[PDB]
6 protein chains.
Amino acid sequence: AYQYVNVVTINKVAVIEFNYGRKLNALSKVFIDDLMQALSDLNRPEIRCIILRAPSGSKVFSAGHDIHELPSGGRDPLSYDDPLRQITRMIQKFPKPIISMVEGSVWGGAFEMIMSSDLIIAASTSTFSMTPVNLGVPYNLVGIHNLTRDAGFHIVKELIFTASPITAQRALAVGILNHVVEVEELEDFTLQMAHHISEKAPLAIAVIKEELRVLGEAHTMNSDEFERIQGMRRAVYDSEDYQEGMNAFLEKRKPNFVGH
Amino acid sequence: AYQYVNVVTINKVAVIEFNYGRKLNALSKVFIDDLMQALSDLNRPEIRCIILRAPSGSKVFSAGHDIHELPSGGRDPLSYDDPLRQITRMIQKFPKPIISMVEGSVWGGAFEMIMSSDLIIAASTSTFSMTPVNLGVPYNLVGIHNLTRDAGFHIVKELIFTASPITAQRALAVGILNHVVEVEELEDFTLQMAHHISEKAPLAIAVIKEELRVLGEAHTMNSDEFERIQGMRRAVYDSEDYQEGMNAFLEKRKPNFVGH
Amino acid sequence: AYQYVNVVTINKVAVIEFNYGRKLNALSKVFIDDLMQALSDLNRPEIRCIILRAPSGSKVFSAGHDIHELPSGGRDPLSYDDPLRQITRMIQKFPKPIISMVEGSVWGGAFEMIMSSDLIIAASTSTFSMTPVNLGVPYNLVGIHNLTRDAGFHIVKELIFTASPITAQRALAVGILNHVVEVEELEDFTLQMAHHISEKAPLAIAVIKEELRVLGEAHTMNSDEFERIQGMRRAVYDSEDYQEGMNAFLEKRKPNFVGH
Amino acid sequence: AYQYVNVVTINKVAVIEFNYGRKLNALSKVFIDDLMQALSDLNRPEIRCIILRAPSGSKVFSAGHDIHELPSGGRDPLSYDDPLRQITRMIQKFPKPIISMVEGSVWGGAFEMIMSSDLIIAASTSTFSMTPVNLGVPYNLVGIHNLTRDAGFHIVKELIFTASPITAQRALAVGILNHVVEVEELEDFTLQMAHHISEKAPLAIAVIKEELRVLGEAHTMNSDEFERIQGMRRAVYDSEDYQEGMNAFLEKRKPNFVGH
Amino acid sequence: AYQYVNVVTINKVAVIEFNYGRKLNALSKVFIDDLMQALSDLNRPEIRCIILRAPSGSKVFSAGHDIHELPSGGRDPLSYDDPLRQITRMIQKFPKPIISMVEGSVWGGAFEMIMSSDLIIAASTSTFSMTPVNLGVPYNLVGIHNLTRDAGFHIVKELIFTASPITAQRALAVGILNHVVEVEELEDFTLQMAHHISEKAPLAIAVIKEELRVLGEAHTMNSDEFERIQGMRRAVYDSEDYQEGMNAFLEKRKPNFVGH
Amino acid sequence: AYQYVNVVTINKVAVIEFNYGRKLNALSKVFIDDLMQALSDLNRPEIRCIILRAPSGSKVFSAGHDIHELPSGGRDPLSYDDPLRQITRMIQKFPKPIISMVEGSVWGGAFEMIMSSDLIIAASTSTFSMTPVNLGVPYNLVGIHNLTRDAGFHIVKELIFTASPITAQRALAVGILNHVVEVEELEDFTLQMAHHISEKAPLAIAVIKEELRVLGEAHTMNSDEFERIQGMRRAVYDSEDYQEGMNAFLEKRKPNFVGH
Ligand SMILES: C[C@@H](C(=O)SCCNC(=O)CCNC(=O)[C@H](O)C(C)(C)COP(=O)(O)OP(=O)(O)OC[C@H]1O[C@@H](n2cnc3c(N)ncnc32)[C@H](O)[C@@H]1OP(=O)(O)O)S(=O)(=O)O
Ligand SMILES: C[C@@H](C(=O)SCCNC(=O)CCNC(=O)[C@H](O)C(C)(C)COP(=O)(O)OP(=O)(O)OC[C@H]1O[C@@H](n2cnc3c(N)ncnc32)[C@H](O)[C@@H]1OP(=O)(O)O)S(=O)(=O)O
Ligand SMILES: C[C@@H](C(=O)SCCNC(=O)CCNC(=O)[C@H](O)C(C)(C)COP(=O)(O)OP(=O)(O)OC[C@H]1O[C@@H](n2cnc3c(N)ncnc32)[C@H](O)[C@@H]1OP(=O)(O)O)S(=O)(=O)O
Ligand SMILES: C[C@@H](C(=O)SCCNC(=O)CCNC(=O)[C@H](O)C(C)(C)COP(=O)(O)OP(=O)(O)OC[C@H]1O[C@@H](n2cnc3c(N)ncnc32)[C@H](O)[C@@H]1OP(=O)(O)O)S(=O)(=O)O
Ligand SMILES: C[C@@H](C(=O)SCCNC(=O)CCNC(=O)[C@H](O)C(C)(C)COP(=O)(O)OP(=O)(O)OC[C@H]1O[C@@H](n2cnc3c(N)ncnc32)[C@H](O)[C@@H]1OP(=O)(O)O)S(=O)(=O)O
Ligand SMILES: C[C@@H](C(=O)SCCNC(=O)CCNC(=O)[C@H](O)C(C)(C)COP(=O)(O)OP(=O)(O)OC[C@H]1O[C@@H](n2cnc3c(N)ncnc32)[C@H](O)[C@@H]1OP(=O)(O)O)S(=O)(=O)O
Ligand SMILES: [K+]
Ligand SMILES: [K+]
Ligand code: NI
Ligand code: NI
């Protein structure tokens, strides 16, 4: 049993359903630790396909990173062992396909999380927002890279620079989503595809997913470039704007950014 | 002049038509050797554009890799000098544009072969399937790479994990195809484009093609990562599942995959 | 303050309008030097977003590289410190979003210039052509790379190999454009998006833009590959065809290309 | 206890001594598994430095790969999970320095093994040979890479192409060894160096060792280059010469290599 | 002129002499700022070669990083804009040769500084230590890479893991130094070589130096690898050991490291 | 037979002896065409090792690139198809070991040529110098890389920045040479080593040589860094100093370089 998720397996498909709606499935450490334990427990030969979903009728799929657990005092908010960074690596390395089945609105880290999964099938009423510029967060290289494998650079830069929600219809048009269906068809459509996948060769699926993962990561740079970017990110998470971003969220007001 | 292809030259355009209908243009060594000889013979200054096609009216453009020529004995089925691996390198290195003009259904290795070409123009009734997970084949890094330059990761993973065929309409929408034409207009439309390209500067075309080839390939990794992937692939082509997939196809039954 | 551009500021948005209509905003050194000076002058904490535009009603957004300023052969026409190469690096390194607001037709180096910008919003009547194969120009690796981050390989190869114009509608479909709007709505639509972006966290925008630039450049190759390409490009700019392409344009006739 | 090694601890220094003299410490699977378990058991905070050694007075430090365990099929003798490949990775990733203390002759895979360690301290009578060209073995990329971080390319090529032994004195002159000492002083010289290291900051040692490991691995290539090398290696392990090399070694005669 | 350096120009050679003897030429910000200003001021066409030196007769060339300016309490001590990180980039990017002419003892960051220079000529009584493991410092990737281009991996690991001084004789034998001379001959030898270099083609020298700099940096890795290393570095600069190393240095006592 | 080389076969070893003493074996196009023809003619199974040599008693092993065949200004002097660039690629890709057996003085491109070979055995009276800074030549990235795999950076920079000859003794100590012998012993010492190598497994030798070549080349950079370097080289081959260097050689006088 898990406190923050509910797992149902039928035949060779496991459905991991979020159970943290009192905090709109915000990516708190306790919630992510349960999701990763549930996935680890499902890493067995008789499980062939995973679905991630919010409960039926959710208005909010996930409110993204828990803003209360973002560090304020000059620590990197997206370091390698941050729970969001851990879950995306775990999904990408997991030797089974993982389908995000989306009903409701997706925000920030949660958008990265579904982008790191293998397929996204969404309700026609679902919406998607990438939010670091609303909070002054210097999103990390790995995290940004996870957002660049589906839609083109211009579309990705519109999403990030505006932080404006896009519809499921537009997310489908630009290459982010596999399918958009009416919400009443969402479970049936997704289960049919997951059950179809689970009849295919799991060892071929596992090595092809791993090859894609390696190819997707194989954008290489020298140590000086990385260290230069890390200096840039530190200046951002050291900024008054980053403090203003978090303060504005806690005070339920609009941030006033000034460029320091 | 070739047993398994028919070549016609119209000014600066060459059309290479498959002549292997008795095996549905399966990528047999003897067929691919003739296709490569024909291309090589056309590597002449006065030829400016190639069209690859199946004969007019074909139900099957190509049934993909010849399953009777796939190694079953714990050997790599997709090594460097396998015919499919040879023809994709030749298409990509060829200093003239190669247009795949598709009528009929496209399967597995033949889908990778058209994806390796420069442009795809397809009949509205054409369909496309990527099939390794039907057979338990550990598709190789270069082969997978060749499928990732048009549609996004989520789309590619849907194609490979489901092995389900997609329509020409969907293949256009996700960026795999350039154009979708009624079958009665396919030949005329493709030849008009091939003649237009043939009026352009062939040395500029060749160097830009080669720049795109080398940029497309420039996802670099260290030796350890490659050797780790090669170890995973060998575990797959040594598996019971790989034997079962080949056997089930030849015996025309549904395979029973067990995860070893 | 500038001979070949007009700059207006509206709150935190700066609009840089071309003023070179006499040469259809061809990318002459004098024009590019003025655009770069205006952009450098606007790198200020009270400026949050830039719009690049041609004057209202323009039939031609930009006719591309000034053909009178291309070297006659034996000289690389797209060397590192060529004005087009300088402006694309400056746009990509600029720590504020740059939106290309396109009315009219876009040609050759001007197409690369808008692709190098962060967002493109276009009139429904605007058209886009990539033209090196009309002139026999061996486009450089960096320049070609700048054309590969929005649309897929097959689409980019059609654009370059045909040099045929595409509509705003098709450029939207294939991922080149962010939005297409009626020309009467273009300025208000673009200004509202720029104003919106101007309220977001500028340091988070600048570091994410830079992360995207670095990830976009991170296709790496060895020195031999680069020098092999440079040798191919030099064979093209040494060619009879290159001189013929230049001569044909100046003499207003169809080039006769022969493959040397 | 271990069947094939003896472990002694002297405060923070652990000495792992081969106990496989019957087979001249040949790198059999059972010997390497014991070595790796002994290392794993020593990965504790109270141990700060590891010495690997043969027993005092050994004429042969290690005879290299067990030739009876080399695949002579059309199978890769140095695949990712072969014991030699496993222990070099484990030595390199081990978060404490590992010092090879060499008395006796070193051969083949045993030479790669001490080269993968952090320091080599040797008796003045010790000798070193790299032997794959005596058997016709296609040594793997990672394995060769492990021989290239100490001596220069001309020296490495002499060692490999001749398979001739070099002295401790020449191995020191070309950068392979840290120190050469008279055999009576070897143990004490090596222990004092390990005790000295063990007084230093272990978390600093571990992260600098890991930084060196990843910089040492960071020679990157594309998938096509790797698969082309793999194809060449397979042609070597499928060769008559490879058979002849193995048979000649076992039958204690000179091989007759013919180049297929 | 400069508070913390003295500059003497002889024909086309400039000799930059350290004038921070109060702190044995420790790399304080005020000293490095004057060193970089003096170097910048010498970037003129009539200057062809630079010598860096301590005053004639110095016991200590440089005592390394200023320990009072190294961050405690969980900031990275070797961030991109730390003085040491700035001076090594500036030395490597300087378009003239920079010769380190060493008299006295060289410590830690000052050893990286001279290794980042083009040639090192040393007195026979000079000595060289690399000290991070004495303090528990997690030396950064760029800094470690700067130590790997002269001696082999085994030698570099001995230097770093022991933090023991080596003699000029040993530094010459392992490839760190160009020449070792008697202290009375140091100025004559160095100036003769610098004057000889100053006769040569300065633009050829500049471009070849920059080629070597780029080739030297061209060990590339993916974002995940870099972020993983950064996480490990943070765990060290967050450690109790790091605090102990700093406190022990300030209190002039032996550190007691415990591995957390 | 060849106009400009003489070939003798001794069992499985082939000796290619320069015959261009009239221009001191300067690497003229026609000399290099014969060297490459002779290597190609010896690429047969019954040849196992190549020796390159000057005739017995030569004072000059090779005077380097033919200065008369360098372009006059405004053209890359070391383009991919230059004969020096061709012969180093051919030596490095040749599937048999190539031993440079050196008697006399070695200059410039000829120093790079022997560095590109597998082993170097030299007379005790032989000397070595790298000369581009004597002439104002912007050496290319591949050519510089070929000089970095034996001696460390400081040594390579001393060699290039001074253009000063070094002795065989010093070339041995820094790792450039394999062996130094008295000139009377040179021929038979080198032949004994070639005959020894010729008894080893040639397919193993070939694949290990190719693995070393690929790993040697695997320092990767992005397109921007390469084009930046090419722009810097072009400024040097466009410079007044490049013309002064070529004219000073032609007029047998000391160049006056001014840094433009
Ligand atoms: C760092 C990355 C992140 O993921 S940061 C998190 C980004 N997420 C967001 O910006 C969405 C924030 N929340 C919202 O926009 C709205 O709460 C949400 C999604 C639209 C639904 O509105 P609603 O009216 O239905 O519910 P409420 O407005 O009352 O919010 C319910 C209570 O939960 C709170 N809440 C919401 N989201 C988060 C969150 N991500 N972390 C922490 N708390 C959150 C919200 O403040 C409200 O708090 P209380 O009023 O105290 O009960 S980054 O930005 O991508 O870089
Ligand atoms: C390794 C990669 C591969 O490409 S393996 C091959 C993947 N290809 C496929 O899965 C397509 C399998 N074939 C089919 O589904 C059906 O033949 C297809 C294509 C829908 C056509 O339907 P159909 O009912 O008309 O089929 P037929 O009557 O021709 O069936 C038997 C005759 O056609 C021939 N044929 C067909 N496909 C192949 C093939 N892939 N390899 C070798 N032969 C093939 C088959 O040999 C037989 O010819 P006969 O000798 O006259 O009986 S991978 O999968 O991408 O990893
Ligand atoms: C090298 C890279 C480049 O960008 S080379 C340039 C590529 N650009 C093109 O191919 C577009 C060439 N021009 C056109 O397609 C048409 O000129 C244009 C845009 C469509 C509209 O035709 P139009 O009938 O309204 O006007 P005209 O043709 O008669 O010429 C009008 C005045 O502007 C001038 N003009 C035009 N194009 C260029 C150009 N690329 N460079 C320099 N000047 C140009 C033309 O000479 C004439 O000026 P005046 O005679 O002084 O009034 S590459 O090709 O990408 O590699
Ligand atoms: C494949 C990679 C490998 O490492 S293959 C192994 C390379 N190792 C060698 O070439 C060393 C082979 N052995 C020798 O040269 C001599 O045995 C050596 C080590 C000098 C010891 O001389 P010795 O006179 O005291 O002892 P003997 O020669 O009379 O042999 C004692 C018995 O042990 C055996 N032996 C030796 N080496 C190995 C080995 N590597 N794997 C398996 N068995 C080995 C040797 O064949 C002899 O066997 P029997 O007399 O039949 O019991 S690679 O080459 O690096 O690619
Ligand atoms: C973080 C990197 C670093 O470079 S950390 C620093 C590594 N450097 C060292 O370990 C050398 C530290 N210094 C010494 O051991 C001794 O000063 C040395 C060099 C042996 C000479 O001893 P001495 O008796 O002749 O002279 P003193 O000790 O009295 O010092 C003279 C004045 O200069 C000061 N000084 C010295 N070194 C440093 C330093 N690294 N940072 C800051 N200040 C330093 C020293 O405190 C003394 O100042 P006063 O006490 O005010 O006269 S890392 O380790 O490479 O990672
Ligand atoms: C550009 C790349 C190159 O490789 S360019 C070539 C670099 N090589 C050199 O700098 C060596 C230049 N030559 C010399 O230093 C001397 O000729 C040398 C080799 C020490 C031999 O002196 P010597 O007095 O015995 O013979 P001479 O001076 O009288 O010359 C004999 C005739 O051949 C000529 N010669 C010499 N070297 C070259 C050369 N590299 N290319 C073309 N011609 C050369 C020399 O000019 C003389 O010609 P004549 O006076 O006309 O008979 S780079 O520099 O590496 O970047
Ligand atoms: K809006
Ligand atoms: K300053
Ligand atoms: Ni990419
Ligand atoms: Ni390297």
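Every chain is numbered from 1 and lettered A, B, ... according to where its sequence line falls, protein lines coming before strand lines. First listed ligand is number 1; within each ligand, the first listed atom is number 1. As a basis for the values below, the full set of heavy atoms in this structure was taken, side chains included, without hydrogen atoms, waters or symmetry mates.
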Going by heavy-atom distance to atom 38 (C) of ligand 1, choose the closest among A:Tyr139, A:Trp107, A:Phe249. A:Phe249
Closer than 4.0 Å to some heavy atom of A:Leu135 - which atoms of ligand 1 meet that? 5 (S), 54 (O)
Tell me which donor-acceptor pairs under 3.5 Å the side chains of residues 54-63 of chain C have, and how far apart each pair is, sequence neighbours excluded?
residue : atom : partner : partner atom : Å
C:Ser58 : OG   : C:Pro55 : O            : 2.6
C:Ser62 : OG   : C:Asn25 : O            : 2.7
C:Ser62 : OG   : C:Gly64 : N            : 3.1

Would you check if there is a donor-acceptor pair between the side chains of A:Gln3 and A:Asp34 at a distance under 3.5 Å? no
Taking the side chain as every heavy atom from C-beta outward, state whether A:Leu70 and A:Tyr242 have any atom pair closer than 4.5 Å. yes
Short check: is a protein heavy atom less than 4.0 Å from atom 33 (O) of ligand 1? no
With respect to C:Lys23, determine whether any N or O atom, backbone or side chain, lies less than 3.5 Å from an N or O atom of ligand 3. yes
C:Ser28 side chain to C:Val30 main-chain N or O, any donor-acceptor pair under 3.5 Å? no
Shortest non-hydrogen pair, C:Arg149 vs C:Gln92, comes out as NH1-NE2, 4.0 Å
May I ask whether atom 11 (C) of ligand 3 is less than 4.0 Å from at least one protein heavy atom? yes
E:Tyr2 and E:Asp41: side-chain donor and acceptor closer than 3.5 Å? yes
Closest non-hydrogen atoms of E:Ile32 and E:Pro83, given as atom of the first, atom of the second and distance, are CG2-O, 3.5 Å
Among all protein heavy atoms, pick out the one at the shortest distance from atom 52 (O) of ligand 3; state its residue, atom name and that distance to 0.1 Å. C:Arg22 O, 4.5 Å
Can you sort out which atoms of ligand 1 are near A:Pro132, meaning under 4.0 Å from one of its heavy atoms? 53 (S), 54 (O), 55 (O), 56 (O)
Can any side-chain N or O of A:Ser126 pair as donor or acceptor with the backbone N or O of A:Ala122 at less than 3.5 Å? no
Any sub-3.5 Å donor-acceptor pair from C:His65's side-chain atoms to C:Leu84's backbone N or O? no
A:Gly143, A:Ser28, A:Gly109: member with heavy atom nearest to atom 2 (C) of ligand 1: A:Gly109
Would you tell me which option among A:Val137, A:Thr127, A:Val106, A:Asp82 has the nearest heavy-atom contact to atom 1 (C) of ligand 1? A:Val137
Among A:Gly108, A:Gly245, A:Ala63, closest by heavy atom to atom 8 (N) of ligand 1 is A:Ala63
For atom 19 (C) of ligand 3, state whether the nearest protein heavy atom is under 4.0 Å away. yes
Trace of the salt bridge (charged side-chain N to carboxylate O under 4.0 Å, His left out) decision for C:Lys23 with C:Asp66: CA-CA 9 Å; C:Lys23 295 261 290 145; C:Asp66 182 344; 3.7 Å; yes
Note: ligand 1 atoms sitting under 4.0 Å from heavy atoms of A:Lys252 are 48 (O), 49 (P), 50 (O), 51 (O)
What do you think, any protein heavy atom under 4.0 angstrom from atom 27 (P) of ligand 1? no
Do side-chain atoms of A:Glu103 reach the backbone of A:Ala123 as a donor and acceptor pair under 3.5 angstrom? no
Can you find a protein heavy atom closer to atom 49 (P) of ligand 3 than 4.0 Å? no
How many protein atoms of type N/O/S are positioned less than 3.4 Å from the K ion (ligand 8)? 1
For A:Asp66, the atoms of ligand 1 under 4.0 Å from one of its heavy atoms are 41 (N), 42 (C)
Determine whether any heavy atom of C:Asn134 lies closer than 4.0 Å to an atom of ligand 3. no
Any idea which heavy atoms bring C:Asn134 and C:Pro255 closest together, and the distance? O-CG, 3.9 Å
A:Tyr80 six-ring centre to A:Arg89 NZ/CZ under 6.0 Å and within 45° of normal: yes
Quick check on atom 46 (O) of ligand 3 - does any protein heavy atom sit closer than 4.0 Å to it? no
Do F:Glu227 and C:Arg233 meet the salt-bridge criterion of a basic N to acidic O distance under 4.0 Å? no
Salt bridge between C:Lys200 and A:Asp241, side-chain N to carboxylate O under 4.0 Å? no
Hey, does the side chain of A:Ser239 reach the backbone of A:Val236 with a donor-acceptor pair shorter than 3.5 angstrom? yes
Which of the atoms in ligand 3, numbered in the order shown and given with their element, are less than 4.0 Å from a heavy-atom of C:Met130? 55 (O)
Those atoms of ligand 1 less than 4.0 Å from some heavy atom in A:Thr131: 7 (C), 10 (O), 53 (S), 54 (O), 55 (O)
Measure across C:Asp82 and C:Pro77 and return the closest heavy-atom pair with its distance rounded to 0.1 Å. OD2-O, 3.1 Å
Atom 14 (C) of ligand 1: protein heavy atom closer than 4.0 Å? no
Is a salt bridge present between C:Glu112 and C:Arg85, judged by a nitrogen-to-oxygen distance below 4.0 Å? yes
Within 4.0 Å of some non-hydrogen atom of C:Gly64, the atoms of ligand 3 are 4 (O)
Exercise check, heavy-atom protein proximity under 4.0 Å to atom 42 (C) of ligand 1: yes
Just so I know, are the side chains of A:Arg253 and A:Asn247 near enough to count as touching, which here means a heavy-atom distance under 4.5 Å? yes
Under 4.0 angstrom from ligand 3, any heavy atom of C:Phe111? no
Students should be able to answer this: which protein heavy-atom is nearest to atom 23 (P) of ligand 1, and at what distance? A:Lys59 CE, 4.2 Å
For ligand 1, is there an N or O atom under 3.5 Å from any N or O atom of A:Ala26? no
In the protein, what heavy atom is nearest to atom 3 (C) of ligand 3, and what distance, to one decimal place, separates them? C:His65 CB, 3.4 Å
Among all the protein's heavy atoms, is there at least one whose distance to atom 55 (O) of ligand 1 comes out below 4.0 Å? yes
How about C:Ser116 and C:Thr88: does a side-chain donor come under 3.5 Å of a side-chain acceptor? no
Nearest protein heavy atom with distance in Å, relative to atom 16 (C) of ligand 1: A:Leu24 CD1, 4.9 Å
